[PDB]
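Worksheet for the structure shown next.
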Amino acid sequence: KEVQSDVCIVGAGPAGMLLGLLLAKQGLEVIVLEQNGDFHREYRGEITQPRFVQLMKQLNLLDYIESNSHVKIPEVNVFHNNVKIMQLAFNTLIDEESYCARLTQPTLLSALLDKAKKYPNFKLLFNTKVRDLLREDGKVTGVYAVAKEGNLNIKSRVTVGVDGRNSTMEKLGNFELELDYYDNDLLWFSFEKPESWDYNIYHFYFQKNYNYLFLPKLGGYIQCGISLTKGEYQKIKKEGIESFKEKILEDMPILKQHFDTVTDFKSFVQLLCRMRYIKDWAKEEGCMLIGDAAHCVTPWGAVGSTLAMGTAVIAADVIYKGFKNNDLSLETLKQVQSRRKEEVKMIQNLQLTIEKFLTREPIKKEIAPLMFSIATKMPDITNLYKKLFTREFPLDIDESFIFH
Amino acid sequence: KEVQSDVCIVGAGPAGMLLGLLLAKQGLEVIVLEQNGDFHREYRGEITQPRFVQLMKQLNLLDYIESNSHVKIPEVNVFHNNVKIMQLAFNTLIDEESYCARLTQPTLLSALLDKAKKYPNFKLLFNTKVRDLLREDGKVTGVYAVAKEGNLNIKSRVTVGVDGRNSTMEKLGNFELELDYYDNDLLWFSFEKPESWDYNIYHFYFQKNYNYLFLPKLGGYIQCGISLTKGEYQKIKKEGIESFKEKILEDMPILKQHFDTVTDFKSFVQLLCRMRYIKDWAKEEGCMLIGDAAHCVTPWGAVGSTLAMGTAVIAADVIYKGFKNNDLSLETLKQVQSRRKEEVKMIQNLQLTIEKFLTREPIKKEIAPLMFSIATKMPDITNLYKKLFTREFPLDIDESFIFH
Amino acid sequence: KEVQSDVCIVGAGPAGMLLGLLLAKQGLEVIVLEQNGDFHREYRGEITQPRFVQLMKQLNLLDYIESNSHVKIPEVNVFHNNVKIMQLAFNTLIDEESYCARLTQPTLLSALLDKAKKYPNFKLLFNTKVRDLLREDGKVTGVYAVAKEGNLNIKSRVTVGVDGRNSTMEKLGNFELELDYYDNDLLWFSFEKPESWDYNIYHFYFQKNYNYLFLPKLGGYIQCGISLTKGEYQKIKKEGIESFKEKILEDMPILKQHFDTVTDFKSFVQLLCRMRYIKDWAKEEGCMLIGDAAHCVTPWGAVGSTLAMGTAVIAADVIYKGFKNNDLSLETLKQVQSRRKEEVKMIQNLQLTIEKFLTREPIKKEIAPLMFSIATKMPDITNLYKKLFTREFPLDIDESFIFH
Ligand SMILES: Cc1cc2nc3c(=O)[nH]c(=O)nc-3n(C[C@H](O)[C@H](O)[C@H](O)COP(=O)(O)OP(=O)(O)OC[C@H]3O[C@@H](n4cnc5c(N)ncnc54)[C@H](O)[C@@H]3O)c2cc1C
Ligand SMILES: Cc1cc2nc3c(=O)[nH]c(=O)nc-3n(C[C@H](O)[C@H](O)[C@H](O)COP(=O)(O)OP(=O)(O)OC[C@H]3O[C@@H](n4cnc5c(N)ncnc54)[C@H](O)[C@@H]3O)c2cc1C
Ligand SMILES: Cc1cc2nc3c(=O)[nH]c(=O)nc-3n(C[C@H](O)[C@H](O)[C@H](O)COP(=O)(O)OP(=O)(O)OC[C@H]3O[C@@H](n4cnc5c(N)ncnc54)[C@H](O)[C@@H]3O)c2cc1C
Ligand SMILES: CCCCCC/C=C\CCCCCCCC(=O)O[C@H](COC(=O)CCCCCCC/C=C/CCCCCCCC)COP(=O)(O)OC[C@H](O)CO
Ligand SMILES: CCCCCC/C=C\CCCCCCCC(=O)O[C@H](COC(=O)CCCCCCC/C=C\CCCCCCCC)COP(=O)(O)OC[C@H](O)CO
Ligand SMILES: CCCCCC/C=C\CCCCCCCC(=O)O[C@H](COC(=O)CCCCCCC/C=C\CCCCCCCC)COP(=O)(O)OC[C@H](O)CO
């Protein structure tokens, strides 16, 4: 059918969903579309940042978010050859409360949906794959989508895409990619937590054969990612499962119990560490790109979700200002990028610098952990930690967006 | 009065001058405006790069330029506490001709002008500072300038600004700065060459107090740049000339003879190591920013002039193609940036990495040279050399640009 | 025959000898057996630590030992390509007197023997090589040895093995060895001291071909050790003496006068840099392994003798406590290991980290020296110096062990 509204957010991710309710409490007609059936269809990570806590307290949602199931990671540890080389507790970064949080994306999305659906002007449609844009009169008037019931021409003055790195809307509008980075990947597998370890951990190991990352998998497990170069996993698959198991157990002898029942490669998940940046997030009238669709980043420090959420809150700010001033021009849509540009670019440069440490070249794989140990012992490093984990000042938002 | 041409180039530096004649030999009408009375008025540099040799040989200009006054520099040396830690002969980078050169901008510009003025369709005006842009019918039509003898209203299909880092057309057209970096400065002074030293040198020194750069100043002298942090030269002036002289002679005792007659700071010249990148070099029809006005860089590797010249060559190719096809809109003008983007950005990122070694912070200052040594002993380092000093492939340009 | 006492110490090296007299003044019955004829038979080193001085002045023995012949080494220097990269004066590590000391093991052992022989309950037998343990009634009750006159069945409640790395009692009791490290060796030779050098030196040199160590050999000479990889010595011997001499003199031209008279490999002495750690030093009643037989280490920093002496002091404390308490079970003998474990493991890990600098691999050999320079320029290097050279707190022992 034909339904008309004010804001159409393609994608029900953590960003759009946030952008879903921030406008919903402002009295705007909001429709949020997702192609999936729910938030459980795809696993998009669990670890968050102290920046997330900062934003939740800034929006006065910290207590409501904390009431759900979560785990507080107090610090991050880096080991070299099973010897600790760096330690950083998140509570020393800012005076207020700060901590990493194992908080599943489905649970946070469910909480946001529960809070948002109390507003009648909010409509969330699942199983709705957007097909194209109603680019009419030289501007984006709405979107043509298929609901699965029928075909919808859903019109809105603003159409915002948060479709993630695998965004179809990136090419529906002529959005030019000015940064496409893909150099490494991760091999994820979950194993039962050993009794010698803690559950609330955030660990990175430099070892002889591979580099490892250990995170608190939901349910009392430990979720470990092995860092590999792009195009190296199929070489390992050809080389044989036995060699991979031997090289892993030589590096991490405690994984022997889990690998005793491992005999093949299909228990691992290949995560592609992609990073992207759109040349201009808004270039037409009524269309703009925020979230992972525009500034997706690598999962080092768990900054991607918080970055998307901050960009979504800035976009809600700009959209509300445009509605109040009756000025939703494209130059108003440039404001979102002009405000998030410094944060996003600084974060992306930090991620590039961190990814430089993951080199697996003959001499560089051996000099990287020592380089990391030198870098973490500089007196400046603390500031860098803040640049990577906290927002120095809260995002300038109107007091109307604060929840009570 | 009323002067009508095809191309109007504001700026007669090495880039525009090249763009001045590359189109001039194509048969187009070219007018080049310069505020200075000659090329000798400002000192704009001496050192070139093997990229310059590659570009000259590609255009079949190498013999003509090499017939002038130049000094071939075969290698760059780096020292730590007066002990060499790095060496690189340029002839090993590529199989063709590869060498740095001492070549003053005035003589290169004089050679280019001598070649260009033989074409009747090329005109050059000196002491003609551009004031306004003749923006009419929603597009840039020409420039209003003052010649010192009258007020000229020059009309041309293409108006190209190569004004340099201190560009007046940078704001006449609303051009945005995507990057603006300024972290260090160079204190330049020339001293007579000691008999122990060679003339065709390119030397860098990590010393106790200051880092030094030595280049062959024209006339049998040696020009030295002392690297300082931004805003630190005033502190040095306050502290006194005697302390500065003592710390300089402690680092480099060979400078004693020159400093025997230095009693004040009015002989050193301060250079601001600014690096800039324009968001989009073409944003209006009939106007464009290329060269140092768009992608000015730091003087680490002598890449600035060659980069500007390559941008000018690509711009000449694009402009000639557009004139041939009778299509000089904004879309075709936006091709120069797309064709120079990756090279310019890679060079700027390498410059940022190199400038990271110039830190004067308490702890980082003493380990920075050693880091540099570790950098120069990597197996990959030679590729980096090829990325910094040479061009992998010649510029994709039409055959009529080759001189005979 | 039949000899019955309290303590039987197999081995009369610096550790056991110390524990030989510490218990002797407690009134216990002690026999110390040594297979050698005297303390001059085997060269066991000359360099001590400030830790040794701390231990000697803790027992009120510093003035007695210092009355002998010794050379005070005030500092340790590290050079790279004949240029000093590190300096450390030991007196800045603790407020008390702190220095290294060239003190020949025969001299210290003779002083300890002279102090101990005044006690009639102390008996030392040279040329009495132990052969077996009298393990009876499910526990060790003594030793069967041969004195060169007769066969001695020595009976003692406590039997302590300090036989060293070549321990013959290491396998008499099934002592599990949980760390067997051997990666490098040292080629030792003594040469006449040049007048340009100081005698009391502790010098390390990173050079082009080999790494060198210079110590004050007794008699006004200089003891030099060339660091080599395991098994490389016989490759050098096959390659020829002349090539070895040329590569040595290229690295250290000051050695030309000594190497003018060198024409064979029979002047150098090969020392194997082994480092062992027994899993548990006490596993049954009436037997124990301490000292070099338990925690042998590499000779970097001169830590082995002081570590063995400290272990012997702790073992004497535990043995006296058990004898006074009348409790000499396995669980009270485990106290020595439980108390020395942290110190010994910290020292051994530091030795591993130091030995990592002695790599001779193609590219790693060149970045190792200036990797050493970086680590010595860290803000926390002084804590590492204190941990590697000094003891933070004195060993907790009774006043009865203090000499008067
Ligand atoms: C496999 C994986 C693992 C990750 N792990 C972590 C981690 O451990 N820690 C961390 O901090 N971050 C992690 N991330 C990143 C994190 O998920 C993102 O930063 C976050 O999702 C940002 O929100 P978003 O809405 O922009 O992205 P997404 O939530 O991924 O946006 C995509 C959403 O839009 C919908 N959609 C897409 N296209 C369409 C369309 N055409 N029509 C309709 N709906 C559409 C999808 O159904 C989905 O709901 C991970 C991401 C992935 C892909
Ligand atoms: C002190 C100094 C030293 C340098 N040393 C080196 C070096 O050793 N090596 C190296 O590789 N690079 C060096 N450079 C950089 C190098 O000079 C530039 O990168 C290069 O000239 C770029 O070419 P261009 O024509 O775009 O710039 P420019 O040479 O600056 O060209 C701009 C010209 O246009 C004129 N102009 C500006 N505005 C107007 C206007 N409104 N109307 C009319 N004319 C106008 C200017 O007067 C100037 O003549 C140095 C620069 C400086 C300032
Ligand atoms: C060549 C060399 C150079 C060294 N240089 C230094 C140095 O510069 N600085 C430093 O701090 N350390 C040095 N050391 C190490 C130092 O000698 C030992 O760490 C130290 O002696 C430890 O004390 P210990 O008595 O347990 O060892 P040792 O003195 O080696 O113990 C062996 C003793 O036990 C006796 N013994 C062994 N087996 C039997 C048996 N079956 N029956 C009877 N007696 C037996 C031997 O006769 C000898 O007296 C060096 C060692 C060597 C081999
Ligand atoms: C080399 C033979 C010995 C020569 C010395 C002779 C006798 C005595 C002097 C002993 C000095 C030994 C210095 C050891 C330095 C060292 O590695 O210690 C470290 C130094 O601290 C650092 O982490 C600083 C940077 C460390 C750099 C890596 C050092 C270990 C690596 C060795 C390999 C070197 C060759 C290169 C191989 C790899 C190339 C591909 C201890 O660190 P920590 O975490 O315990 O504490 C921090 C510290 O206090 C600084 O803040
Ligand atoms: C490797 C993955 C990391 C695993 C844990 C991830 C999760 C949490 C931990 C987060 C902490 C990460 C911080 C690492 C330190 C770091 O990036 O430092 C850097 C230090 O400075 C830099 O810019 C370093 C440049 C990039 C270094 C690349 C690493 C080189 C390693 C191996 C390849 C060897 C080839 C080079 C050898 C030559 C040496 C120079 C941050 O720089 P900055 O300018 O942003 O800030 C500087 C700072 O404030 C003080 O200098
Ligand atoms: C220093 C001023 C310039 C002096 C030279 C003058 C003229 C010409 C010579 C130019 C030679 C420049 C080469 C410098 C090395 C360099 O850029 O390498 C780098 C090597 O890798 C890096 O990114 C190194 C990190 C950047 C430098 C960090 C700053 C180090 C100094 C001080 C801060 C110390 C704390 C931070 C430590 C970080 C761990 C390394 C470029 O990386 P890449 O991936 O592009 O290339 C890899 C390469 O093949 C391996 O090295």
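Just so it is clear: chains get the letters A, B, ... in the order the sequence lines come, proteins before strands, and each one is counted from 1.
- Using cut-offs of 30° and 60° on the angle between ring planes, the pair A/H295 and A/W281 is tilted.
- Between the side chains of A/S373 and A/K377, at least one donor N or O lies within less than 3.5 Å of an accepting N or O.
- No more than 12 heavy-atom neighbours from other residues, nucleotides or ligands sit within 6.0 angstrom of CD on C/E392.
- Sorted by first and then second residue, the pairs that involve residues 8-54 of chain A and meet ring-ring contact (aromatic ring centres under 6.0 Å, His included), not counting sequence neighbours, are A/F39-A/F126.
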Which atom pairs, donor and acceptor, lie under 3.5 Å between side-chain atoms of residues 297-304 of chain A and protein residues at least two apart or in another chain?
{"residue": "A/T298", "atom": "OG1", "partner": "A/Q351", "partner atom": "OE1", "Å": "2.3"}
{"residue": "A/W300", "atom": "NE1", "partner": "A/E355", "partner atom": "OE2", "Å": "2.3"}

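- When the ring pair (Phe, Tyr, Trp, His ring centres under 6.0 Å) test is applied to A/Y385, no partner is found at least two apart in sequence or on another chain.
- Sorted by first and then second residue, the salt bridge (charged side-chain N to carboxylate O under 4.0 Å, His left out) pairs involving residues 366-376 of chain A (not counting sequence neighbours) form an empty list.
- For B/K364 and A/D380, the salt-bridge test passes: some basic side-chain N is under 4.0 Å from an acidic carboxylate O.
- Considering only residues two or more places apart in sequence or on other chains, A/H70 meets the ring pair (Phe, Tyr, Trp, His ring centres under 6.0 Å) condition with none of them.
- For the ring pair (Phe, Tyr, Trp, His ring centres under 6.0 Å) test, no residue two or more places apart in sequence or in another chain qualifies with A/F323.
- There is no side-chain donor-acceptor pair under 3.5 Å between A/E46 and A/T104.
- Looking at A/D327 and A/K321, no side-chain N of the basic residue comes within less than 4.0 Å of a carboxylate O on the acidic one, giving no salt bridge.
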